[PDB]
C-alpha cells in the first residue's frame, strides 16, 4: 500500500509569510503522465475541502495563493502569502493505488502579543437550586495561546476543581479564547464569600484579578 507522511506535523507562520507543507509517498503516485496526489483543507467542525488535485491543478474557487508542486513520491503544498483564514489542518491524499491520506499538518498563525479581556460569572440561581455551583472565568481574544488562570476563593489557591476550554484561533484576528470553570458543591459555595480568577499572560504587565463577592 502507498503510505503518506507529512512534514511538518504543525507549522507556525505569520501573515504574509510562505508556508510549505510536504508529503512523501512510500511508492510512486504517478500514472500515465498524471500525479494522483491531492490536497485538502479542514477547518474544525467542517468537512475537508479540495484545494489542489493532480499535484498542481488549482480547483475552481480556490485562491491563487494556494499552489502545489511535486513529481513521483515527493510533493509540496505552498500557501503564499498566508492569510488569517488559512488556519486549518492540511491533508494530502493519493488515488493511484486505493485511497490513502497523510497524517495532517496543522497551520497556526503567529501574530503580535495581545492581552486578554478578563471576565467572571457567578453560578446561576437555576443551577444553585440543583446542588452544584459553577463559577466561570473568561479570557477574551488573546495571543499567544499560553495563559495561566488560577482560582482564588477567600485568597486560597484552588487546585483540582477546575477545567479549561480553548477555542480555535479566530479566522479574522488570529487570537484564542479561554474558559475556566470552578466546579464547587452548593455547600462549599456558601461557606466562602470572595471569588476571584487571576490571569497571567505575556500581554499582561502583571497578573490581573477579576473578583466578585457571593450573594450576587
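Numbering follows the first chain given and starts at 1.
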| property | result |
| --- | --- |
| Residue stretch of maximal mean CA temperature factor, 190 to 198 vs 19 to 27 | 190 to 198 |
| Per the entry, higher mean C-alpha B factor between 133 to 141 and 108 to 116 | 133 to 141 |
| Highest-ranked of 181, 67, 42, 171 once sorted by CA temperature factor in the record | 181 |
| Candidate residues 175, 56, 167, 185, the one whose C-alpha B factor the record puts highest | 185 |
| Cα B factor band for residue 91 (lowest, middle or highest third within the chain) | lowest |
| Lowest, middle or highest third - CA B-factor, residue 74 | middle |
| Within-chain third of residue 146 by Cα B-factor, per the entry | middle |
| Chain-relative CA temperature factor third for residue 160 | highest |
| Third of the chain, ranked by Cα B-factor, where residue 208 sits | highest |
